[PDB]
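First, one chain by itself in structure tokens, the form deposited in one PDB entry.
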């Protein structure tokens, strides 16, 4: 943290953050969500990290070079260490990226290496080549070299993500799935794991072996697993919680803006809220059905009547304010809702649905006040506008993600947040073979458009290709875009260091501090 001249620090430097749900895991190779990544940035540090405004900055690598954007050389700081005092080396990164690529690890983020195009990744994922053929090598203990199959000018931006953080081979090998328990875990971020009580709390304590430990101010941070946004706000206003999770409740928000304006932080956020359709499951494998659901959802009502928290109605998957996004707003989004409803009704009538044999399906969402209220509203809107019946089903976060990967569900509530600020951080998830493709969407035309983006050496042609890829997604009604999120949360007046300037919201507790109050 960089404490401004003149601020008086509190005697006790402890922080309590709500984290939205119980994490799936603390293993960087087994996680995919926001809550997981929140804890992951405090414990495991990769080659680069985000600074307080979100700019990619030195992490374990102090400096780096590239040759033709295809060979990237990272110079690792000599004093980078794990919490047991041992050095973090380039061998740790070789092992870790191999483990991430290895199909036996079954990481949800195995395709992150395809997104960066590390050499030989496709064959490794397919089981055609061993993970040791991955295009990474340690040239020495402090030098990590990555070789890609084609120029990727934004490659370094991907490196702040948890999936490419290092993991300690000896703990993984000796303890297997229990390597992340407090007694066994070894970490290289600013914090160490002190306590992990499932569905109660995660408590982290400062890691004195961290190379930048002298700048760390918070000594202990607790992450809570509260999925009820109302309860989160309640425990924040009671004094227990210092920073809520950034999912806000419909019951109280309007009230909060009026009652505590200075504590309500609302900043840009590169995330899209949408209803994920299982594209491989009839009758959702019919574009007419999917298009009807997309058109009959009334975004004006959701965004301004039922939620009204500053979200913008969405018509795409990639947020239009992503760096590099120049999207074409489709004609259906400018229509009146009445016109969208008649088109939807006509497609559904064309697909075979009648009043006597209506379309009935499930709407899966993870436990949440917000998601429940929004799914009840969406069910009502679809019932009134299109005559479809939906059966709401809630699941806890970890189960919910498992269900979507299992891919036999019908429609699921969904939200994707950028991992790096560039449209492929969204678009690569819809590639036929992506490990993150829970839409189960497979379009050869879409895949080709994205493949073509690194075959041009021009940002203008790349942007035009991303716009066409979004148009192809839209044409196929792969998803139901609802709204672009805003990062809205409460932060006590005494919490310093949270700028809200990073649109990816990659917070590091090592950057925060408690002001005397």
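Numbering follows the first chain given and starts at 1.
Only in words, not in the display: the form deposited in another entry, which the text now covers.
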Considering the rigid-body rotation between this form and the one not shown, which residue or segment among 429, 269, 33, 342 is located at the hinge? 269
Relative to the form shown here, do the C-alpha atoms of residue 19 and residue 364 sit closer together or farther apart in the other form, given a change of 3 Å or more? farther
Is the CA-CA spacing of residue 395 and residue 100 tighter or wider in the other form than here, given a 3 Å or more change? farther
